Structure formats: C-alpha cells, structure tokens
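Below, each value reflects all heavy atoms present in this structure, side chains not excepted, and no hydrogens, waters or symmetry copies. Just so you know, ligand 1 is whichever comes first in the structure, and atom 1 is the first atom listed for that ligand. So you know, we letter chains A, B, ... as the sequences are listed, proteins then strands, and number each from 1.
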Amino acid sequence: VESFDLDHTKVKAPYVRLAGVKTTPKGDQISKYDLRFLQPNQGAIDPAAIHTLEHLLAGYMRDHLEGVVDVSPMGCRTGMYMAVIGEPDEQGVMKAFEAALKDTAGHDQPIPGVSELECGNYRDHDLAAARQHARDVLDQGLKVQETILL
Amino acid sequence: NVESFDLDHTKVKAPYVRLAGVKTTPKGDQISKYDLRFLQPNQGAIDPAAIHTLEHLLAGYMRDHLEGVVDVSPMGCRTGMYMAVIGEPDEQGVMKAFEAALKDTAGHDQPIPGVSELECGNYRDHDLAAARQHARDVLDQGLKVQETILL
Ligand code: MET
Ligand SMILES: [Zn+2]
Ligand SMILES: [Zn+2]
C-alpha cells in the first residue's frame, strides 16, 4: 500500500513508522515515514516551532540518512513526514532521526536559511521551542510503531 | 546543504508551479519535486487550519489528475505545498493538474476527507471555507510555470 489506513487512537508517540511504500517503474522503492513527535489529538506543535524544526531537520536528517527526497511538517502538526529512496528500513530511520534530534536539541547557532531570500516566512520561527520539542522526544524515547489499521 | 534555501524567494511571482528538484533512484527512475506556491513569499501565510484542510483535499485531488504522486505536503512557511512525483519533469502537465485539482478544491462542499479522531492527528484543526477561498484566489490570479532563480 502507498498509504496504510492508520488508526490514530492506537499508536504510541513518539515513534517512527513506515507509512507506505511506492514501487517505481524500474523496480526501485520510495519509502514514506511518519516521524511522530506528539500523541495524535492531544496537542500540536506551534506553527513557528514546526517551521524551525523543518529548517533544522531538513539538514540534520540528510546528515544521517542517504536518499532523502523530502522532510516536511504534517498538516496535523504532531510530527514530520519523510520520503526516502530505498527499501523500508524503520530501524535505520529511527537511529537517523535520533541522531538528527540530538543535533536539533543542541543547535545553538542561528537557524539556517532564515531570511527574505531563503525562506517564505522568515518572521515565523522559534528555535527555543523547536530545541525543546526535540529534547522532549529524546527524553520520552523513540520506538518503531506498528501500523494498526482501522 | 538544503536545496530549498537556494531559491531566491524575492524573485518568484506567486501563484505558480515550479520544478524544485529531481532525484534518480539507483536504477534510473526520476523523482520530480514541485513547489506549488499559493502565496507570494513573505507577504502573508495560510492559516494552519486552512493549510491542513488543503493537505487533505489535494492529497486526493492531485492523484485524480496526475499519475505517480508520492505525496502532497504543506510547507513550514505556509505559502504553498511540496509534491513529489514519480516521473520525468513536466512542469506544464503538473500546472494543468494543479489547476484542475484547485477547481475541485474550490468547489468542495462535501465533508473533508479523512477528518475524524481515528483518521487524523489534529481533527479539530480544519477550515474548509478558508481552504476553498484560497483555491479560488489562486485560480482568480492565474497560475504559470515559474523558472527557478538561484541565489
Ligand atoms: C524549508 S527547509 C526544507 C524542507 C523541504 N521539505 C526539504 O525536504 O528539504
Ligand atoms: Zn522557512
Ligand atoms: Zn489531518
């Protein structure tokens, strides 16, 4: 399936979960992952904080994982979505996400790409909140979440 | 090291469709990523609830008009969406598909697909009225294929 029918009341955040896999015409695979920060419907990450997380993780995830096609916030704002070129590898993605979260928690330099030239809403950021969201996930501890279908 | 930061956001002219990048799998298949821009960078942003609804609506509507869709995701800057597609670059065809999907979005008077505590991580944070108007605004202004201007 390209997108499994997930029961959001059954998962246990924070986690890494293979959200789907698409086969390309030549036989390669694109794997999609649900990088869940918060428990579905128990709160959301503020828009400025998730915007900063996107800027930081776009770089940090790529520092720890090859084949990343996109790292983007989810509309529900409880986590990030990522598409990767490669066979499903939840364990490898979890370790990469963990390393990237440590980079994020300790990011005390200016936020990369924040300017009128490089960002579509450079006034809407929050490094302190992004760093703390990363710290909270690490404190809670990641796990590979199984997909529970509705 | 993030390609997104290399686009000169002061030079583009929203709304538009723009090929943001192309990657190839080990065997040679192309994965094209498109910048589907609703608002002019830094001149305002789409409300979180509205962009959340757009994500739900375009997920189905883009697939109805275009093959090989990987996903449609909202941008953190909330001025547009990113969409990866399995296939060679085709900005013109993607523009036509986005145009048809926006017509479907603007006229969407049925329930928002996938909205319930079971199917969505923040089911109360939606705004169909606002999403439909944003689709209507893009169509009113008119889409075009935007060339990438590098910094
Ligand atoms: C604006 S930070 C970059 C985010 C973009 N979705 C990426 O995959 O790099
Ligand atoms: Zn930005
Ligand atoms: Zn949702």
### Message
Closer than 4.0 Å to some heavy atom of B:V2 - which atoms of ligand 1 meet that?
### Response
3 (C), 9 (O)
### Query
Any side chain to side chain donor-acceptor pair (under 3.5 Å) pairs touching residues 79-93 of chain B, not counting sequence neighbours?
B:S4-B:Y82, B:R37-B:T79
### Query
Hey, is ligand 1 close enough to A:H55 that some N/O pair sits below 3.5 Å?
no
### Task
Using a strict 4.0 Å cut-off to heavy atoms of A:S72, name the atoms of ligand 1 that fall inside it.
6 (N)
### Query
So what's near the Zn ion (ligand 3), protein N, O or S atoms under 2.8 Å?
B:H52 NE2, B:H56 NE2, B:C120 SG
#### Entry: Best match, A:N121, B:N1, A:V71, A:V68: closest heavy atom to atom 4 (C) of ligand 1
A:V71
### Task
Scan B:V94, B:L102, B:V138 and name whichever one has a side-chain contact (heavy atoms from CB on, under 4.5 Å) with B:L36.
B:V94
### Message
When you compare ligand 1 with A:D70, is there at least one nitrogen or oxygen pair between them that comes in under 3.5 angstrom?
### Response
yes
### Task
Heavy-atom contacts with B:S4 under 4.0 Å: which atoms of ligand 1 show up? List them by number with element.
3 (C), 5 (C), 9 (O)
### Query
Short question: side chain of B:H52, backbone of B:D125 - any donor-acceptor pair under 3.5 Å?
yes
### Query
Cut-off 3.5 Å, side chains only: do A:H8 and B:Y123 have a donor facing an acceptor?
no
## Note on the structure
atom 1 (C) of ligand 1 has as its nearest protein heavy atom A:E54 OE1, 3.7 Å
#### Entry: Nearest neighbour in protein (non-hydrogen) for atom 9 (O) of ligand 1
A:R62 NH1, 3.0 Å
### Query
Taking the side chain from B:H126 and the backbone from B:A49, do they hold a donor-acceptor pair closer than 3.5 Å?
no
### Task
Tell me, please, which residues at least two apart from B:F5 pass ring pair (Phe, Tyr, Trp, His ring centres under 6.0 Å).
A:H55
### Message
For A:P73 versus A:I50, what's the shortest heavy-atom pair and its separation?
### Response
CB-CD1, 3.6 Å
### Message
Out of the candidates B:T24, B:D29, B:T25, only one should pair with A:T24 under the side chain to side chain donor-acceptor pair (under 3.5 Å) rule; please name it.
### Response
B:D29
### Main-chain N/O of B:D137 paired to B:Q141 side chain as donor or acceptor, under 3.5 Å
yes
Please output the side-chain donor-acceptor pairs of residues 142-151 of chain B that fall under 3.5 Å, not counting sequence neighbours, one pair per line with the distance.
residue: B:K144; atom: NZ; partner: B:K13; partner atom: O; Å: 2.9
residue: B:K144; atom: NZ; partner: B:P15; partner atom: O; Å: 3.0
residue: B:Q146; atom: OE1; partner: B:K13; partner atom: N; Å: 2.8
residue: B:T148; atom: OG1; partner: B:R18; partner atom: NH1; Å: 2.9
residue: B:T148; atom: OG1; partner: B:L19; partner atom: O; Å: 3.4

